[PDB]
Amino acid sequence: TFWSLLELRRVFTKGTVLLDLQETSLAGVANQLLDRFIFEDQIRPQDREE
Amino acid sequence: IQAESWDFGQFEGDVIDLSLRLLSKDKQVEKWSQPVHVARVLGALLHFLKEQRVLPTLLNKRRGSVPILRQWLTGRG
Amino acid sequence: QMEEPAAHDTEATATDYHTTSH
Amino acid sequence: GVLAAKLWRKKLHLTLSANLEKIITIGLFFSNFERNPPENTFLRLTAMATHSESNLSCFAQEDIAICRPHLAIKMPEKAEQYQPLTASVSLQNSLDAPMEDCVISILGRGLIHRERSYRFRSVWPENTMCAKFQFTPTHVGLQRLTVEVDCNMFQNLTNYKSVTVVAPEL
């Protein structure tokens with residue numbers, strides 16, 4: 001759909017990338033991704049636990 | 001004496017490939033079973049790379065051996 | 001501690017993590 | 001051993017009584033230097049005593065290191081894997097000028113993916129920085145956190161602290 005690619009470009013422009021992440025479990029990937037989310041002001045620290 | 005934390009990073013994914021590629025410039029592959037020969041060859045080659053790539057005088061910001069090895073072997077960084 | 005340090009978007013050492021593996 | 005810059009020279013004229021030892025105390029002040037020492041250099045302090053026409057001069061030399069403010073890192077010795085961990089970092093501004101353009105970076109293989117750089121406020125002299133960082137260790141083993149502090153007075157001031165990350169309880 002048109003809106004799909006619209007919003008995909010919109011969230012990619014400010015997206016959080018973890019490239020060559022040295023991780024081998026979902027818990028580690030999720031924890032590092034949420035840390036980088038907090039670092040780039042994508043989410044507030046109170047949303048991290050949920 | 002000031003201790004500076006250093007990241008050797010020998011188990012980075014490309015360091016083994018880069019080291020073997022550098023060793024491949026030595027044509028005495030039969031001697032690669034000998035640690036003395038391998039150490040001598042790699043020391044000579046790394047000294048040559050240091051003389052080629054280190055520039056006369058951030059500029060002093062360091063992130064361990066692996067970025068230096070990548071820049072010496074590839075010219076990028 | 002007391003400081004809430006603000007993130008600094010810096011790419012000075014970004015190339016230090018670019019692997020040479022194809 | 002390459003000579004960087006000439007910082008300070010001082011000439012004294014003394015009279016020594018016969019068979020008498022004399023102690024001269026000289027203050028080595030940074031503000032007396034003709035220019036600021038280049039980064040990553042050391043101080044060569046030399047003394048040279050010449051008397052009359054003896055054609056021989058007493059000489060001594062000492063290498064002096066430049067000491068930068070201590071970067072104190074506070075972190076628990078043990079940490080659980082996949083659980084949030086807080087590390088507080090403190091620096092006391094013991095210089096004669098405010099610390100401006102302040103950037104702090106944290107990294108370490110097994111705790112932080114690549115590095116995260118932050119800005120903290122300017123630190124006035126005789127004040128202290130106290131920054132806290134939260135990160136989740138994700139790899140089990142003996143890890144190390146490296147902290148780097150940058151400002152207009154000094155750069156690449158690095159300290160480290162080791163943390164043992166343990167597996168979660170079964």
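Every heavy atom of this structure was used, including side-chain atoms; hydrogens, water molecules and symmetry mates were not. Every chain is numbered from 1 and lettered A, B, ... according to where its sequence line falls, protein lines coming before strand lines.
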Count the heavy atoms belonging to other residues, nucleotides or ligands that lie under 6.0 Å from CD of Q42(A), then report whether that count exceeds 12.
-> yes
Okay, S25(A) and chain D: the region with an atom under 4.5 Å from a heavy atom over there is side chain
Heavy-atom count around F37(A) CZ within 6.0 Å, excluding the residue itself: above 12?
-> yes
Count the heavy atoms of every other residue, nucleotide or ligand shown that sit under 6.0 Å from CD of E34(D), and state whether that count exceeds 12.
-> yes
Would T138(D) and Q32(A) satisfy side-chain hydrogen bond (donor to acceptor under 3.5 Å, both in side chains), going step by step from the backbone distance to the final call?
-> CA-CA 8 Å; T138(D) 39; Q32(A) 299 279 342; 2.9 Å; yes
Taking the side chain as every heavy atom from C-beta outward, state whether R116(D) and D35(A) have any atom pair closer than 4.5 Å.
-> yes
Atom CZ of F30(D) with >12 non-hydrogen neighbours under 6.0 angstrom = yes
With no hydrogens and no angle check, is any side-chain donor or acceptor of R114(D) less than 3.5 Å from a backbone partner on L19(A)?
-> yes
Take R48(A) and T136(D), measure what side chain to side chain contact (heavy atoms under 4.5 Å, CB included) needs, and give me the verdict at the end.
-> CA-CA 12 Å; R48(A) 196 208 189 260; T136(D) 289; 3.5 Å; yes
To the nearest 0.5 Å, how far apart are CZ in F135(D) and CD1 in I38(A)?
-> 13.5 Å
Take atom CD of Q46(A) as the centre, draw a 6.0 Å sphere, and report whether it contains more than 12 heavy atoms from other residues, nucleotides or ligands.
-> yes
Given that the side chain runs from C-beta out, which part of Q134(D) has a heavy atom under 4.5 Å from chain A: side chain, backbone, both or neither?
-> backbone
Taking atom CD of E49(A) as the centre, does the number of heavy atoms from other residues, nucleotides or ligands within less than 6.0 Å exceed 12?
-> no
Scanning both residues in full, the closest heavy-atom pair of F39(A) with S117(D) reads CZ-O, 3.2 Å
Show your working on side chain to side chain contact (heavy atoms under 4.5 Å, CB included) between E23(A) and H113(D) and close with a plain yes or no.
-> CA-CA 9 Å; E23(A) 225 67 60; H113(D) 172 78; over 6 Å; no
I26(D) CD1: over 12 foreign heavy atoms closer than 6.0 Å | yes
